[PDB]
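Structure, as structure tokens:
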Amino acid sequence: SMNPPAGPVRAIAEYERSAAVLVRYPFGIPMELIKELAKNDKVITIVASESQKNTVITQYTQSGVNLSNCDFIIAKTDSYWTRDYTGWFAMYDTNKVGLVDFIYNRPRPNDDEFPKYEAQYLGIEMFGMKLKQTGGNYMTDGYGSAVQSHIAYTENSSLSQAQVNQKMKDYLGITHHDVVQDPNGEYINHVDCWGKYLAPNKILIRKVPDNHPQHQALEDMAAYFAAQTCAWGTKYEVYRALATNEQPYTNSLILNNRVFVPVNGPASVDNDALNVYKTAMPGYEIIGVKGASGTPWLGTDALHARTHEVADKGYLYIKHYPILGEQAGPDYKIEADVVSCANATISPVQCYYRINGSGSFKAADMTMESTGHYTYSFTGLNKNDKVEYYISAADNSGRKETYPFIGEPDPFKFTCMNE
Ligand SMILES: NC(=[NH2+])NCCC[C@H](N)C(=O)O
Ligand code: NA
């Protein structure tokens with residue numbers, strides 16, 4: 001249809017549960033990357049025909065790819081930039097997952113048409129947001145914020161900024177459309193070449209040497225996010241990836257509990273960038289990925305550009321705003337909504353917690369106050385006790401999720417003040 005999705009709407013972040021990753025043949029990525037992806041995750045390869053599917057299968061077979069995780073969509077495409085032209089995922093109507101199409105900002109009509117085939121393959125509804133856009137210039141935090149470079153306005157110049165924001169609100173639930181002047185000074189003007197949310201409370205911003213002409217622009221961008229309160233209420237943790245030679249270190253893919261980071265030398269500088277991700281994202285497997293010689297990584301175009309995560313149409317979604325830092329008390333009550341997009345019975349919903357850093361985490365069942373709305377109150381705590389906690393839910397479709405996604409390795413932390 002030509003109507004927007006039934007609300008409420010919530011755009012899905014890249015670090016939420018993904019059912020798959022979407023890539024295209026003829027390839028722009030190394031076979032070793034496809035192999036590593038398919039070890040743990042479903043890889044959907046776009047091909048133009050049944051014969052082309054079988055050509056790809058032959059190559060996957062030769063390369064030892066886990067075929068059990070290889071799936072295909074038959075559709076014409078102009079390019080391998082699946083980041084930029086495939087559809088955007090959003091929850092809508094409380095418990096549904098939908099796809100949002102847009103006008104691809106390139107003269108690539110097959111790429112532009114592609115989202116309809118994606119929605120058909122996935123069995124989800126598609127909604128048409130009439131803005132000139134590109135996935136490389138889009139990221140959301142999963143809490144209603146999105147960051148884009150200025151082309152989101154300038155390539156939609158027949159609309160006011162207000163009208164652009166309103167389209168993002170209506171189709172994606174974006175209530176904070178953070179559009180900023182691109183700090184990189186190159187043609188492409190995609191956020192994925194300088195910035196990346198790593199979690200709702202973490203953003204990676206590119207850094208360059210002091211004498212690079214964009215040094216100050218990037219420092220100003222880092223400062224802007226560091227001054228900003230995030231969805232969870234704390235200031236963003238701002239991480240920096242140092243590009244000494246225009247390496248595309250921000251152009252990474254977060255797929256479930258792994259992070260694929262393009263690397264292109266020198267080795268020490270690549271390792272420094274991997275180390276930033278490792279520090280920022282405990283519990284994640286951080287993987288450096290060398291480029292293919294025929295389609296190498298570039299400053300403006302690397303791994304993120306040539307992949308697109310795919311949401312789970314049956315997503316078991318946990319909505320939670322954490323209690324963090326110095327908390328007054330005397331009640332320490334957490335609240336979470338849990339929605340099963342599989343329409344499955346949810347049970348159990350638990351708080352896993354640890355007090356003062358010792359032993360194992362302990363499970364307590366949360367109490368369902370009203371439909372889909374769960375709470376839990378931390379009892380018996382003394383002034384200055386430190387709490388680590390995370391939420392865990394399961395449903396009878398077999399799904400199991402934690403909040404945060406990674407769970408126990410990176411729990412929410414607060415301190416009981418009793419004041
Ligand atoms: N998400 C990205 N960084 N995409 C890079 C796209 C590169 C391609 N040459 C273009 O300008 O269309
Ligand atoms: Na499109």
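Just so you know, these numbers use all the heavy atoms, side chains as well, and skip hydrogens, waters and symmetry mates. All residue numbers refer to positions in the sequence shown, counting from 1. First listed ligand is number 1; within each ligand, the first listed atom is number 1.
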Can you pull every nitrogen or oxygen pair between ligand 1 and the protein closer than 3.5 angstrom?
| unit_1 | atom_1 | unit_2 | atom_2 | d |
| --- | --- | --- | --- | --- |
| ligand 1 | 1 (N) | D84 | OD1 | 2.8 |
| ligand 1 | 1 (N) | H190 | ND1 | 3.3 |
| ligand 1 | 1 (N) | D192 | OD2 | 2.9 |
| ligand 1 | 3 (N) | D192 | OD1 | 3.0 |
| ligand 1 | 3 (N) | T300 | O | 3.1 |
| ligand 1 | 4 (N) | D84 | OD2 | 2.8 |
| ligand 1 | 9 (N) | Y187 | OH | 3.2 |
| ligand 1 | 11 (O) | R106 | NH2 | 3.0 |
| ligand 1 | 11 (O) | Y187 | OH | 2.6 |
| ligand 1 | 12 (O) | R106 | NE | 2.8 |
| ligand 1 | 12 (O) | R108 | NH1 | 2.9 |

Shortest non-hydrogen contact from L218 toward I205: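 Closest pair (atom of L218, atom of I205, distance): O-CG2, 3.9 Å.
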For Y284 versus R258, what's the shortest heavy-atom pair and its separation?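 Distance-wise, the nearest heavy atoms are CD2-N, 4.1 Å.
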If you draw the axis of the six-membered ring of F114, does the NZ or CZ of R24 fall within 45° of it and under 6.0 Å from the ring centre?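 No, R24 does not sit over the ring of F114.
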Using a strict 4.0 Å threshold on nitrogen-to-oxygen distance, state whether [X] and [Y] make a salt bridge.
X: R106; Y: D78; result: no
X: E309; Y: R83; result: yes
X: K333; Y: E335; result: yes
X: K313; Y: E125; result: no

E237, CD: over 12 other non-hydrogen atoms inside 6.0 angstrom: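 Correct, the count exceeds 12.
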Cut-off 3.5 Å, side chains only: do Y138 and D84 have a donor facing an acceptor?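 No - no donor-acceptor pair under 3.5 Å links their side chains.
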Would you list the protein N, O or S atoms within less than 3.0 Å of the Na ion (ligand 2), leaving out water?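 Hits for the Na ion (ligand 2) below 3.0 Å: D101 OD1, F102 O, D112 O, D112 OD1.
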